[PDB]
Structure formats: C-alpha cells, structure tokens
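Written below as structure tokens is the structure these notes are about.
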Amino acid sequence: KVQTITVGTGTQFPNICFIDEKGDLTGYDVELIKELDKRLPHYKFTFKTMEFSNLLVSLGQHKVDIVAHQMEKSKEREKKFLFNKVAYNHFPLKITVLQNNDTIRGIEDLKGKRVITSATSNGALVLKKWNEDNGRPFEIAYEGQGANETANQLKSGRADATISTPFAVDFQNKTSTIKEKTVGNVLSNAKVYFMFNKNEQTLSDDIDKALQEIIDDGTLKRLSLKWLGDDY
C-alpha cells in the first residue's frame, strides 16, 4: 500500500518554505514536495518543520526521511547522507545593494566599502574567498542582533552591500519599505538537491523519476518562474 514519508523543512525561508499571510506552509520547496506527492501514488508525503539547525541531525536519526531546504552538496554531507541525482534548482548569489544606490556595479566596485552578511551562510564564504583572492579590498561584517539587520544597515549606509539571491531580494521588496536590488554577475550558482537518510535509496530514485516527469511536462519551469523568477 501507500508508504508515508516524513519531510523535514522550515517555516522561515521566504519563497522556499514559509508561512504566508493566509496562514499556510508554502514556497518553492514545499510546493515541489506536494507536486511529487501527486506524481507518486505509492507514497504519501507529510511534513515536520523545525529550526534549520536541527534538520540534518533529525535526518540522521531518521526522524525525517528527506530534507527539503534548498540544500547543497558538501564533502561532509555526502559522507553522512544521500543526495538524489536530479538537482531541482540552482542557487544564484549576487552582490546586493540599496535600490537607489548607483555607485556599485559589482563585487569589483567595493574598494574601501563594508559588506554585511550572515556568518553561517554560503554567501559569506563566497565573499570571503573572493575578498581573500583579490587583496581584501573590502570589509566583511557579520550580523548578530536580530532580523532585518542587513536591510537596516543598507538603509542607513552603515553597510554598502550584502550578498543575496534574487528571490530573497524580491520578497524583501514586497514586504518592506527598504528596497534592494542585485548588481553584477552571478558569483556562485550551486546545484540544489533533496537530502536523504542513508536508508532511503529507493525513495530517492523514485523521486528522481518523478522529477524527470515534472521537468519534461514544464511543471518545474512553471514552479520556478512563479516562486524564484527566471534567474534559476
């Protein structure tokens, strides 16, 4: 009969996995999981939400069977988990500034400027590596107080730029008075995959089959354009 699959995801990732004003869990990853459910009659996907910092521990302990949170591969992760074969998205990162700031064309125009970012994020590493390989022209600052810290600093001028993805900038503009924009070329564009507990290989393969079906009939493209835009 139908096998129940527990999906671990979040509620604080705008456009990916979040709660909208209506009050329901939605976003690209959540909607894709629901689409897969429709495509897989022998499976039933249920959700289990939690802080991002508990997703992988939960997956390893098999509290969830799959994790959906725009996850990327890494050496460490591949040793402890399984990744399906079909990437379902790319994660473009670009220098991001205050909408009315016209002094910055890209990462190369930051000599003497201050860039704010999240100490944990992959964007933080991207910035660091580039800054290190180019004579450290700018200062990297990390946020720590509370939310909206990056936007507030961009607004005041305390920060000249940050690094973000286009879909995050779109959400910022739709929900805040502080407007932002991306400038320059894509600095990083990592592939995104679902992650699995080591015991779920059959499930991962079945999901890859469904994803090919979703890609082939244009459903994935439709979903990415709706939630992420065309930069994906």
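For the structure tokens, the naming scheme is as follows: chains receive sequential letters (A, B, ...) according to their order of presentation, residues are indexed from 1 within each chain, and ligands are indexed from 1 in presentation order.
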Just the residues within 9 Å of residue 42 in chain A, please, counting only C-alpha atoms, with nothing from its chain fewer than 2 positions along; format it as a PDB file with N, CA, C and O atoms, in the first residue's frame.
```pdb
ATOM      1  N   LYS A   1       0.844  -1.228   0.000  1.00  0.00           N
ATOM      2  CA  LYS A   1       0.000   0.000   0.000  1.00  0.00           C
ATOM      3  C   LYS A   1       0.864   1.258   0.000  1.00  0.00           C
ATOM      4  O   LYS A   1       2.047   1.208  -0.340  1.00  0.00           O
ATOM      5  N   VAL A   2       0.269   2.382   0.387  1.00  0.00           N
ATOM      6  CA  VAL A   2       0.979   3.658   0.422  1.00  0.00           C
ATOM      7  C   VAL A   2       1.952   3.754   1.596  1.00  0.00           C
ATOM      8  O   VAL A   2       1.612   3.417   2.731  1.00  0.00           O
ATOM      9  N   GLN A   3       3.165   4.219   1.316  1.00  0.00           N
ATOM     10  CA  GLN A   3       4.182   4.371   2.350  1.00  0.00           C
ATOM     11  C   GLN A   3       4.254   5.850   2.733  1.00  0.00           C
ATOM     12  O   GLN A   3       4.358   6.717   1.866  1.00  0.00           O
ATOM     13  N   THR A   4       4.186   6.137   4.027  1.00  0.00           N
ATOM     14  CA  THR A   4       4.238   7.516   4.497  1.00  0.00           C
ATOM     15  C   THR A   4       5.686   7.979   4.602  1.00  0.00           C
ATOM     16  O   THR A   4       6.525   7.298   5.189  1.00  0.00           O
ATOM     17  N   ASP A  37       4.301  14.357  -4.539  1.00  0.00           N
ATOM     18  CA  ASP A  37       3.303  13.514  -3.887  1.00  0.00           C
ATOM     19  C   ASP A  37       2.257  13.100  -4.923  1.00  0.00           C
ATOM     20  O   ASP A  37       1.908  11.922  -5.032  1.00  0.00           O
ATOM     21  N   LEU A  40       3.579  10.469  -7.248  1.00  0.00           N
ATOM     22  CA  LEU A  40       3.963   9.184  -6.692  1.00  0.00           C
ATOM     23  C   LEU A  40       2.831   8.544  -5.885  1.00  0.00           C
ATOM     24  O   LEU A  40       2.725   8.745  -4.676  1.00  0.00           O
ATOM     25  N   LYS A  44       3.152   8.877   0.370  1.00  0.00           N
ATOM     26  CA  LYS A  44       2.330   9.919   0.970  1.00  0.00           C
ATOM     27  C   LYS A  44       3.322  10.798   1.720  1.00  0.00           C
ATOM     28  O   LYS A  44       3.971  10.340   2.654  1.00  0.00           O
TER      29      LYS A  44
END
```
Go through range 128-227 of chain A residue by residue and, counting only C-alpha atoms, keep those with an atom at most 9 Å from range 92-108 of chain A; for each kept residue give the shortest atom pair and its distance in Å to one decimal, ordered by chain and increasing number, as a Markdown table.
```
| residue | atom | partner | partner_atom | distance |
| --- | --- | --- | --- | --- |
| A:130 | CA | A:107 | CA | 8.7 |
| A:137 | CA | A:108 | CA | 8.6 |
| A:151 | CA | A:98 | CA | 8.1 |
| A:154 | CA | A:98 | CA | 5.8 |
| A:155 | CA | A:98 | CA | 6.6 |
| A:157 | CA | A:98 | CA | 8.7 |
| A:159 | CA | A:97 | CA | 8.8 |
| A:160 | CA | A:97 | CA | 6.6 |
| A:161 | CA | A:97 | CA | 4.7 |
| A:162 | CA | A:96 | CA | 5.1 |
| A:163 | CA | A:95 | CA | 4.5 |
| A:164 | CA | A:93 | CA | 5.3 |
| A:165 | CA | A:93 | CA | 4.7 |
| A:166 | CA | A:92 | CA | 7.4 |
| A:169 | CA | A:96 | CA | 8.1 |
| A:178 | CA | A:98 | CA | 7.6 |
| A:179 | CA | A:99 | CA | 5.3 |
| A:180 | CA | A:99 | CA | 4.3 |
| A:181 | CA | A:99 | CA | 5.1 |
| A:182 | CA | A:96 | CA | 4.3 |
| A:183 | CA | A:106 | CA | 5.6 |
| A:184 | CA | A:106 | CA | 4.1 |
| A:185 | CA | A:94 | CA | 6.5 |
| A:186 | CA | A:94 | CA | 5.2 |
| A:187 | CA | A:93 | CA | 5.6 |
| A:188 | CA | A:93 | CA | 5.3 |
| A:189 | CA | A:92 | CA | 4.4 |
| A:190 | CA | A:92 | CA | 7.1 |
```
Please produce a file of those selected residues containing C-alpha atoms, as a short mmCIF file (atom, residue, chain, number, x, y, z; two decimals), in the first residue's frame.
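As written to disk, again.cif reads:
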```
data_model
loop_
_atom_site.label_atom_id
_atom_site.label_comp_id
_atom_site.auth_asym_id
_atom_site.auth_seq_id
_atom_site.Cartn_x
_atom_site.Cartn_y
_atom_site.Cartn_z
CA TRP A 130 36.79 36.41 -3.34
CA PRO A 137 39.58 45.41 -1.00
CA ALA A 151 18.30 45.92 5.37
CA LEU A 154 21.89 49.22 3.89
CA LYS A 155 19.26 51.90 4.52
CA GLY A 157 24.57 53.47 4.77
CA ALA A 159 26.63 48.79 5.05
CA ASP A 160 27.30 49.40 1.37
CA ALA A 161 26.18 45.98 0.21
CA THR A 162 25.37 42.38 1.10
CA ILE A 163 25.19 39.15 -0.89
CA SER A 164 21.83 37.62 -1.68
CA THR A 165 19.77 35.58 -4.11
CA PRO A 166 17.27 37.23 -6.47
CA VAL A 169 15.51 40.36 -2.79
CA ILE A 178 13.62 49.34 2.39
CA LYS A 179 14.11 48.32 -1.25
CA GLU A 180 17.10 46.41 -2.60
CA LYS A 181 18.46 45.29 -5.97
CA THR A 182 21.12 42.92 -7.25
CA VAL A 183 24.01 44.20 -9.37
CA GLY A 184 26.81 42.46 -11.21
CA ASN A 185 27.29 38.88 -12.34
CA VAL A 186 26.32 35.67 -10.56
CA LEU A 187 29.11 34.98 -8.07
CA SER A 188 28.01 31.47 -7.14
CA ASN A 189 25.43 29.12 -8.65
CA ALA A 190 25.42 25.85 -6.68
#
```
### Query
Where in range 16-161 of chain A does DSSP assign strand (DSSP E), given as a ChimeraX atom specification?
/A:17-19,25-26,43-49,66-71,82-83,89-98,114-117,139-142
For the selection just defined, write its residues with N, CA and C atoms to a file, as a CSV table (one decimal), in the first residue's frame.
```csv
chain,number,residue,atom,x,y,z
A,17,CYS,N,10.2,27.9,1.8
A,17,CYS,CA,9.4,27.2,2.8
A,17,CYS,C,9.1,28.2,3.9
A,18,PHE,N,7.9,28.7,3.9
A,18,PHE,CA,7.5,29.8,4.8
A,18,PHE,C,6.0,29.7,4.9
A,19,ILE,N,5.5,30.5,5.9
A,19,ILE,CA,4.0,30.6,6.1
A,19,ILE,C,3.6,31.9,5.5
A,25,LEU,N,1.7,26.8,5.0
A,25,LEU,CA,3.1,26.4,4.7
A,25,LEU,C,3.2,26.3,3.1
A,26,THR,N,4.1,27.1,2.5
A,26,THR,CA,4.2,27.1,1.1
A,26,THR,C,5.6,27.6,0.6
A,43,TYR,N,3.4,6.7,-2.5
A,43,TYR,CA,4.0,7.4,-1.4
A,43,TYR,C,3.0,8.5,-0.9
A,44,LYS,N,3.2,8.9,0.4
A,44,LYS,CA,2.3,9.9,1.0
A,44,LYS,C,3.3,10.8,1.7
A,45,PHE,N,3.5,12.1,1.3
A,45,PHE,CA,4.4,13.0,1.9
A,45,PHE,C,3.8,13.8,3.0
A,46,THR,N,4.3,13.8,4.2
A,46,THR,CA,3.8,14.5,5.3
A,46,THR,C,5.0,15.5,5.7
A,47,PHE,N,4.6,16.5,6.5
A,47,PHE,CA,5.7,17.5,6.9
A,47,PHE,C,6.0,17.5,8.4
A,48,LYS,N,7.2,17.9,8.7
A,48,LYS,CA,7.7,18.0,10.0
A,48,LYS,C,8.6,19.3,9.9
A,49,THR,N,8.2,20.4,10.5
A,49,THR,CA,9.0,21.6,10.4
A,49,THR,C,9.9,21.8,11.7
A,66,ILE,N,13.4,12.7,4.5
A,66,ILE,CA,14.0,13.5,3.4
A,66,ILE,C,14.0,15.0,4.0
A,67,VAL,N,15.0,15.8,3.5
A,67,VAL,CA,15.1,17.2,3.9
A,67,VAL,C,15.0,18.0,2.6
A,68,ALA,N,14.1,19.0,2.7
A,68,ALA,CA,13.9,19.9,1.6
A,68,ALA,C,14.1,21.4,2.1
A,69,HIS,N,15.3,21.9,1.8
A,69,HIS,CA,15.6,23.3,2.3
A,69,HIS,C,16.7,23.9,1.4
A,70,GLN,N,16.5,23.9,0.1
A,70,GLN,CA,17.5,24.4,-0.9
A,70,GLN,C,18.9,23.9,-0.5
A,71,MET,N,19.0,22.6,-0.2
A,71,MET,CA,20.3,22.0,0.3
A,71,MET,C,21.3,21.8,-0.8
A,82,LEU,N,22.5,10.9,1.7
A,82,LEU,CA,22.3,10.5,0.3
A,82,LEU,C,21.7,11.8,-0.4
A,83,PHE,N,22.1,12.0,-1.6
A,83,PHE,CA,21.6,13.1,-2.4
A,83,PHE,C,20.9,12.5,-3.7
A,89,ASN,N,17.1,22.8,-8.6
A,89,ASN,CA,17.3,24.2,-8.7
A,89,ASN,C,18.7,24.6,-8.6
A,90,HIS,N,19.0,25.8,-8.9
A,90,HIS,CA,20.4,26.4,-8.8
A,90,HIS,C,20.2,27.5,-7.8
A,91,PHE,N,21.3,27.9,-7.1
A,91,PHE,CA,21.2,29.0,-6.1
A,91,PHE,C,22.1,30.2,-6.4
A,92,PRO,N,21.6,31.0,-7.4
A,92,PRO,CA,22.4,32.2,-7.8
A,92,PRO,C,22.6,33.2,-6.7
A,93,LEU,N,23.8,33.7,-6.4
A,93,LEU,CA,24.2,34.7,-5.5
A,93,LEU,C,24.7,35.9,-6.2
A,94,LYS,N,24.3,37.1,-5.8
A,94,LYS,CA,24.8,38.3,-6.4
A,94,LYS,C,25.0,39.4,-5.3
A,95,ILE,N,25.9,40.3,-5.6
A,95,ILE,CA,26.1,41.4,-4.7
A,95,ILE,C,24.7,42.1,-4.7
A,96,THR,N,24.3,42.6,-3.5
A,96,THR,CA,23.0,43.3,-3.4
A,96,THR,C,23.2,44.6,-2.6
A,97,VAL,N,22.5,45.6,-3.1
A,97,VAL,CA,22.6,46.9,-2.6
A,97,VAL,C,21.2,47.6,-2.4
A,98,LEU,N,21.2,48.8,-1.8
A,98,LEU,CA,20.0,49.6,-1.6
A,98,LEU,C,19.6,50.0,-3.1
A,114,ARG,N,32.0,48.5,3.0
A,114,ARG,CA,31.6,47.5,4.0
A,114,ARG,C,30.5,46.6,3.5
A,115,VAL,N,30.7,45.3,3.6
A,115,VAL,CA,29.8,44.3,3.1
A,115,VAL,C,29.3,43.5,4.3
A,116,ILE,N,27.9,43.5,4.6
A,116,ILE,CA,27.3,42.8,5.7
A,116,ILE,C,26.7,41.5,5.2
A,117,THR,N,26.9,40.4,6.1
A,117,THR,CA,26.4,39.1,5.7
A,117,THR,C,26.2,38.2,6.9
A,139,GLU,N,35.6,45.3,3.5
A,139,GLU,CA,35.4,44.8,4.9
A,139,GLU,C,34.2,43.9,4.9
A,140,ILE,N,34.3,42.7,5.4
A,140,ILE,CA,33.2,41.8,5.6
A,140,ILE,C,32.7,41.9,7.0
A,141,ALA,N,31.4,42.2,7.2
A,141,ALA,CA,30.9,42.4,8.6
A,141,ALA,C,29.8,41.3,8.7
A,142,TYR,N,29.6,40.8,9.9
A,142,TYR,CA,28.6,39.8,10.2
A,142,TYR,C,27.5,40.3,11.1
```
### Query
Restricting the calculation to only C-alpha atoms, which member of A:224, A:219, A:153, A:61 is positioned closest to residue 29 in chain A?
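Residue with the minimum atom-to-atom distance to residue 29 in chain A: A:224.
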### Query
Suppose you want the space between CA of residue 30 in chain A and CA of residue 84 in chain A; what is it in Å?
16.8 Å
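The smallest atom-to-atom distance between residue 63 in chain A and any of A:5, A:228, A:119, A:87, using only C-alpha atoms, is found for A:5.
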### Query
When distances are computed from only C-alpha atoms, which of A:9, A:86, A:72, A:175 shows the smallest separation from residue 53 in chain A?
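Nearest candidate to residue 53 in chain A out of A:9, A:86, A:72, A:175: A:9.
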### Task
Could you jot down the CA of residue 227 in chain A to CA of residue 27 in chain A separation for me, Å, one decimal place?
6.7 Å
### Residue nearest residue 229 in chain A among A:168, A:33, A:203, A:64 (counting only C-alpha atoms)
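Selected residue with least distance to residue 229 in chain A: A:168.
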### Query
Hey, what's within 12 Å of residue 38 in chain A if we count only C-alpha atoms and toss same-chain stuff fewer than 6 positions away? As a ChimeraX atom specification, please?
/A:31-32,44-45,207,210-211,213-214
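Reported to one decimal place, the separation of CA of residue 79 in chain A from CA of residue 54 in chain A is 17.9 Å.
For the residues A:59, A:215, A:36, A:50, ranking by smallest atom-to-atom distance to residue 198 in chain A using only C-alpha atoms places A:59 first.
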### Task
Can you work out which one of A:113, A:125, A:220, A:226 has the shortest atom-to-atom distance to residue 35 in chain A, counting only C-alpha atoms?
A:220
### Message
Considering only alpha helix (DSSP H) as DSSP defines it on the backbone, what residues of range 2-33 of chain A qualify? List them as a list in words.
### Response
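Here is the list: residues 28, 29, 30, 31, 32 and 33 of chain A.
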